[PDB]
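Read the structure below first, then the notes.
A short reminder: the numbers here are calculations on the coordinates, not readings from a lab. Note that we place each Cβ from the backbone using ideal geometry, even for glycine, and neighbour counts take in every protein chain shown.
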Amino acid sequence: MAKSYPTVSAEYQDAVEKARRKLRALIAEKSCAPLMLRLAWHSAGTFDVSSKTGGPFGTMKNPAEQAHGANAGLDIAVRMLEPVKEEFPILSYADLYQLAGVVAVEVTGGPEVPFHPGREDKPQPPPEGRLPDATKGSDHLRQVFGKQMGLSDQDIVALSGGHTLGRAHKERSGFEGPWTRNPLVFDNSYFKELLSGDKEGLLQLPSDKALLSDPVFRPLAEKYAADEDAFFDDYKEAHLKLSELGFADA
Ligand code: HEM
Ligand SMILES: O=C1O[C@H]([C@@H](O)CO)C(O)=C1O
Ligand code: NA
């Protein structure tokens, strides 16, 4: 669980701060914060703690990973971000993509996810099929987030709140529509729509519904719906862990 973060060079650090700034401008301009978060999440979410494979190590650069069914459309984000790597080539893709996720959350008014640089680009994309299945239930969530990634139940519910940004695209996952009425605003609305039941014009996956059906997940969703501050804190925490799965372990 413990971390021993590398001190990157002053050149590297400067590249990071300059990247963050370009990312803010880009993401706000193009209104692509949700897709950037999905990029960061899918880059990180392949981690498997038993084998020490996968995780946020730049492999989404490889068109092979971009070809996984779970990752349909991330090739747009990868292309979108390439001019940032071109201006700051010292940065690793792994850092670049995780930073873009952190910036995505910030630009939409979300909490400040700390960021520690130094991730190295690994050569080997992990095996496809580790990211969650939207049709499966609470026990699948714990398989992917817990047994694989190594995150907690609280993490599962908080991270699901990321669907407060963006929407499904038929051509990408086969689902359609947003979870909230403000897909460019990072807030706790996702839990409130969930707890409100299905309604016209808003998407809920079965993976979302599994939060209202489990004794641990449901109180957490209730708590996040009532108290955006506690949602922000727990999301900040989980997103930080997610972004550093397998990285700089002590
Ligand atoms: C149970 C876990 C999850 C499932 C089953 C799931 C599934 C999906 C699916 C099917 C889409 C549709 C993509 C499309 O068609 O455009 C989507 C989009 C998205 N996912 Fe999730 N996801 C999960 C967890 C997460 C997490 C942990 C995050 C970030 C913290 C996240 C952030 C997003 C975002 C921001 C989008 C919107 C992308 C856009 O608007 O272009 N998801 N997700
Ligand atoms: O989040 C997203 O941003 C882009 C587009 O909407 C704006 O560039 C993409 O297609 C989304 O899913
Ligand atoms: Na929202």
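Confirm whether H116 is under 17 Å from the mean Cα position of the chain (by Cα) and not in a helix (DSSP H, G or I).
In short, yes.
So, in the stretch 160-178, how many residues would count as being more than 13 Å from ligand 2 (Cβ to nearest atom) and in contact with a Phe, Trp or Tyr (Cβ under 9 Å, 6 or more places away or on another chain)?
So the answer is 2.
Only one of these is free of Cβ contacts under 8 Å to residues at least 60 places away in the same chain and crowded, with 22+ Cβ neighbours inside 10 Å: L96, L81. Name it. Even if it seems obvious, please write down each step before you answer.
Working: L96 fails: free of Cβ contacts under 8 Å to residues at least 60 places away in the same chain.
Going through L96, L81 in turn, the sole match is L81.
May I ask you to say which residue of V84, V113, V107 is within 16 Å of ligand 3 (Cβ to nearest atom) and either over 23 Å from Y190 (Cα atoms) or not basic (K, R) (or both)? Working first, answer last.
Details: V84 fails: within 16 Å of ligand 3 (Cβ to nearest atom); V113 fails: within 16 Å of ligand 3 (Cβ to nearest atom).
Testing whether each residue is within 16 Å of ligand 3 (Cβ to nearest atom) and either over 23 Å from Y190 (Cα atoms) or not basic (K, R) (or both) leaves just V107.
Any idea which of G201, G146, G177, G162 is on the phi > 0 side of the Ramachandran plot and either of a type outside the set (G, A, S) or within 13 Å of ligand 1 (Cβ to nearest atom) (or both)?
Testing whether each residue is on the phi > 0 side of the Ramachandran plot and either of a type outside the set (G, A, S) or within 13 Å of ligand 1 (Cβ to nearest atom) (or both) leaves just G177.
Across the stretch 185-208, which residue is nearest to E106 (Cα to Cα) among those that are near ligand 3 (Cβ under 7 Å from one of its atoms) and not β-branched (V, I, T)? Let's see the steps before the verdict.
Quick first cut of the stretch 185-208, residues near ligand 3 (Cβ under 7 Å from one of its atoms) only: 185-187, 189-190.
Within this subset, residues satisfying the condition of being not β-branched (V, I, T) are 186-187, 189-190.
Details: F186: 8, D187: 11, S189: 16, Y190: 17 Å.
Going through the qualifying residues, I end up with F186.
Considering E128, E112, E120, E106, which residue is under 18 Å from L23 (Cβ atoms), in contact (Cβ under 8 Å) with a residue 40 or more places away in the chain, away from ligand 2 (no atom under 16 Å from the Cβ) and surrounded by fewer than 21 Cβ atoms within 10 Å (Cβ to Cβ)? Break it down stepwise before answering.
On the way: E128 fails: under 18 Å from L23 (Cβ atoms); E120 fails: under 18 Å from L23 (Cβ atoms); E106 fails: away from ligand 2 (no atom under 16 Å from the Cβ).
After applying the criteria, what remains is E112.
Those residues that are buried (at least 24 other Cβ atoms within 10 Å of the Cβ) and in contact with a helix residue (DSSP H, G or I) (Cβ under 6 Å, 6 or more places away or on another chain), I need them from the stretch 43-54; list them, please.
If the condition is that a residue be buried (at least 24 other Cβ atoms within 10 Å of the Cβ) and in contact with a helix residue (DSSP H, G or I) (Cβ under 6 Å, 6 or more places away or on another chain), then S43, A44, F47 are the ones that fit.
Scan the stretch 161-174 residue by residue and report those that are more than 7 Å from ligand 3 (Cβ to nearest atom), surrounded by 14 or more Cβ atoms within 10 Å (Cβ to Cβ) and free of Cβ contacts under 8 Å to residues at least 60 places away in the same chain.
Selection gives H163, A168.
Can you tell which of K236, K192 is part of a helix (DSSP H, G or I), farther than 22 Å from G137 by Cα and either without any contact (Cβ under 8 Å) to a residue 12 or more places away in the chain or basic (K, R) (or both)?
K236
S138 - would you say it is hydroxyl-bearing (S, T, Y), near ligand 1 (Cβ under 8 Å from one of its atoms) and closer than 22 Å to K223 by Cα?
Details: hydroxyl-bearing (S, T, Y): yes; near ligand 1 (Cβ under 8 Å from one of its atoms): no; closer than 22 Å to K223 by Cα: yes.
No.
Any idea which residue in the stretch 131-152 is surrounded by the fewest Cβ atoms within 10 Å (Cβ to Cβ), counting only those that are assigned to a helix (DSSP H, G or I) and either within 16 Å of ligand 3 (Cβ to nearest atom) or aliphatic (A, V, I, L, M) (or both)? Reasoning before the result, please.
At the first step, the residues of the stretch 131-152 found to be assigned to a helix (DSSP H, G or I) are 138-149.
From what's left, either within 16 Å of ligand 3 (Cβ to nearest atom) or aliphatic (A, V, I, L, M) (or both): 141, 144, 149.
On the way: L141: 22, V144: 20, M149: 27.
Looking at residues that are assigned to a helix (DSSP H, G or I) and either within 16 Å of ligand 3 (Cβ to nearest atom) or aliphatic (A, V, I, L, M) (or both), I get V144.
So how many residues does the stretch 206-233 have that are buried (at least 18 other Cβ atoms within 10 Å of the Cβ), in a loop (DSSP other than H, G, I, E, B) and not hydrophobic (A, V, I, L, M, F, W, C)?
Number satisfying all stated conditions: 1.
Scan (1) surrounded by 16 or more Cβ atoms within 10 Å (Cβ to Cβ); (2) part of a helix (DSSP H, G or I); (3) aliphatic (A, V, I, L, M) for the single condition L203 breaks and write down its number.
Failed condition: (2).
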